[PDB]
Amino acid sequence: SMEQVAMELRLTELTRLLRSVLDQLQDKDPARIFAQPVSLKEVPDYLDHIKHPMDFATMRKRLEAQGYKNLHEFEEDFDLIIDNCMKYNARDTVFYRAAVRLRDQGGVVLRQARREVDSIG
């Protein structure tokens, strides 16, 4: 059907918008603390602490498989990256502080993205 192609053109454009948003969020992590999954070889107890690990590379795989249906889904994954880090690492650590900064800075990008997803449709 034609509608299915229209829908897919919308999913495709959203994917285009989310890719740009993802790139902008990742630029706010110049240290690359959030680039890849936490290593279970190097943090073998990690899953005792964190039930749903997330990281920018895992978000990118989903993105390119058009696995985000809406912005809310994408934001959930971004908030996991932040929230997991602030639970696992203590307040006084480089890791926790990087998550605070990513959160604050990411907020501006996400605010405009929401207006663009609404505005474009």
# chains A, B, ... in the order shown; residues from 1 in each chain; ligands from 1

call {"tool": "select_by_dssp", "arguments": {"residues": "chain A", "states": "helix (DSSP H, G or I)", "output": "JSON, numbers by chain"}}
result
{"A": [2, 3, 4, 5, 6, 7, 8, 9, 10, 11, 12, 13, 14, 15, 16, 17, 18, 19, 20, 21, 22, 23, 24, 25, 26, 27, 46, 47, 48, 49, 56, 57, 58, 59, 60, 61, 62, 63, 64, 71, 72, 73, 74, 75, 76, 77, 78, 79, 80, 81, 82, 83, 84, 85, 86, 87, 88, 94, 95, 96, 97, 98, 99, 100, 101, 102, 103, 104, 105, 106, 107, 108, 109, 110, 111, 112, 113, 114, 115, 116, 117, 118, 119, 120]}

call {"tool": "closest_atom_pairs", "arguments": {"of": "segment 3-29 of chain A", "to": "segment 77-93 of chain A", "cutoff": "12 Å", "atoms": "only C-alpha atoms", "output": "Markdown table"}}
result
| residue | atom | partner | partner_atom | distance |
| --- | --- | --- | --- | --- |
| A:18 | CA | A:78 | CA | 11.5 |
| A:21 | CA | A:78 | CA | 10.8 |
| A:22 | CA | A:78 | CA | 9.0 |
| A:25 | CA | A:78 | CA | 8.9 |
| A:26 | CA | A:78 | CA | 10.3 |
| A:29 | CA | A:82 | CA | 11.4 |

call {"tool": "write_last_selection", "arguments": {"atoms": "N, CA and C atoms", "output": "tab-separated table (two decimals), in the first residue's frame"}}
result
chain	number	residue	atom	x	y	z
A	18	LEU	N	16.31	12.35	14.33
A	18	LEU	CA	16.98	11.69	15.46
A	18	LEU	C	18.49	11.46	15.26
A	21	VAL	N	19.99	14.80	16.07
A	21	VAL	CA	19.87	14.92	17.54
A	21	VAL	C	20.92	14.04	18.24
A	22	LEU	N	21.06	12.79	17.80
A	22	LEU	CA	22.04	11.89	18.44
A	22	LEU	C	23.45	12.45	18.31
A	25	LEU	N	23.92	15.30	20.75
A	25	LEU	CA	24.07	14.80	22.14
A	25	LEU	C	25.46	14.21	22.37
A	26	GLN	N	25.94	13.49	21.37
A	26	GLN	CA	27.21	12.84	21.52
A	26	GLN	C	28.36	13.86	21.58
A	29	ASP	N	29.62	14.98	24.97
A	29	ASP	CA	30.39	13.92	25.67
A	29	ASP	C	31.77	13.81	25.00

call {"tool": "atom_distance", "arguments": {"atom1": "atom CA of residue 99 of chain A", "atom2": "atom CA of residue 20 of chain A"}}
result
20.2 Å

call {"tool": "residues_around", "arguments": {"residues": "residue 35 of chain A", "least_positions_apart": "4", "cutoff": "7 Å", "atoms": "only C-alpha atoms", "output": "CSV table (one decimal) with C-alpha atoms, in the first residue's frame"}}
result
chain,number,residue,atom,x,y,z
A,55,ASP,CA,25.2,3.8,25.6
A,56,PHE,CA,25.4,5.8,22.4
A,57,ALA,CA,26.6,3.0,20.2

call {"tool": "atom_distance", "arguments": {"atom1": "atom CA of residue 111 of chain A", "atom2": "atom CA of residue 17 of chain A"}}
result
13.3 Å

call {"tool": "atom_distance", "arguments": {"atom1": "atom CA of residue 7 of chain A", "atom2": "atom CA of residue 108 of chain A"}}
result
28.2 Å
